[PDB]
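The data below hold one chain only, encoded as structure tokens and taken in the form deposited without ligand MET.
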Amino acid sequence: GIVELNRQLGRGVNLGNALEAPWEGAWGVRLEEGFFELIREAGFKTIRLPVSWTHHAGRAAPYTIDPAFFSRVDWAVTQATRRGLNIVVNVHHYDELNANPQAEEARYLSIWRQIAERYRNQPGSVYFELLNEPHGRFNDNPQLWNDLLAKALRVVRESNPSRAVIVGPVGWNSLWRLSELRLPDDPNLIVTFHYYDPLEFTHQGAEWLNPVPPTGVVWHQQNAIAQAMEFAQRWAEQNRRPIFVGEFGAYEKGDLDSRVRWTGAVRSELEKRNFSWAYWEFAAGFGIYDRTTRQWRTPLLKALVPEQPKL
């Protein structure tokens, strides 16, 4: 059942700064086959694969996805699956859809029909995730996302009757917006949120924000993580949905010891609440792996995969 499929997600990592950029490598990470074994042998069971399909799909109906790009996603799905990893395939950045859900609906639903039909025979280790971090007009009216996600789920279910589908709330997948999330009566949904609080710490010096948070911010644990994860767990129990926290992480412009405190505190609380999770992210500015030296960032890796359960 879906609770077991969520438990199977377990510990995971995002292949970020890759296929969710305008093109693969634009944000600094080209995928390599060797990433999959590296990630598996470090203790992760799952790859989350951010994919920004909008850059690669026709603007006019039937909104066909570029065949070469589609073949690259095929390759990632197959290489992860054969090497024993789960893979979450999403729709990631989509500025057009967050800005104008009604105008972009047809194109988004065509994208999901293409993905769903193409991958309908994949095993249960392949998961679909309808839309990363809804924001924009979805923040103004969260019911626009409730209505749209039901339409996208219906499309997926025409070809994938029982595949696990991962759905999050608005406010960029804020757990506080679970209150406004409404889901169909479908027994194979996993609910997701992302956790980056405090943004002033995790995104200090991130230039893709407006405003850009200042650096020099340190962090130590108080009670906010526990309060947040308990709120989310009670929502999940009230609504009988399993939970996957699909992104959490702290940017490299913060001091390393603070990032390690934060990463371990979050991972510990996630696992206390039986939330599966995926770290943001493998190899870039939040990375646990440095491709330049071909070395793990051991303090951060051990905060995710501790050698003893209380470490």
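The first residue of the sequence shown is number 1, and the count goes up from there.
Another form, the form solved in complex with ligand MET, is not on view; read the next lines as being about it.
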>> Would ligand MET, positioned as it is in the deposited bound form and superimposed via the C-alphas around its site, fit into this form without 3 or more of its atoms falling within 2.4 Å of the backbone or C-beta atoms? Open or blocked?
In response: open
>> Just to confirm, with a 4.5 Å cut-off on non-hydrogen atoms, which of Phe44, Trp262, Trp280, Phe275 contacts ligand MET in the deposited bound form?
In response: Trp280
>> Within 4.5 Å, heavy atoms only, which of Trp176, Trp235, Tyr196, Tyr119 is in contact with ligand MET in the deposited bound form?
In response: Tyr196
> Taking the shortest heavy atom distance, is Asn132 within 4.5 Å of ligand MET in the deposited bound form?
Replying inline: yes
> With the cut-off set at 4.5 Å between non-hydrogen atoms, does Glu269 touch ligand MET in the deposited bound form?
Replying inline: no
>> To test your reading of this chain, name the stretch in 185-193, 140-148, 85-93, 120-128 whose heavy atoms come within 4.5 Å of ligand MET in the deposited bound form.
In response: 85-93
>> Just to make sure I understand: among 239-260, which residues lie within 4.5 Å of ligand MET in the deposited bound form, judging by heavy atoms?
In response: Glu247
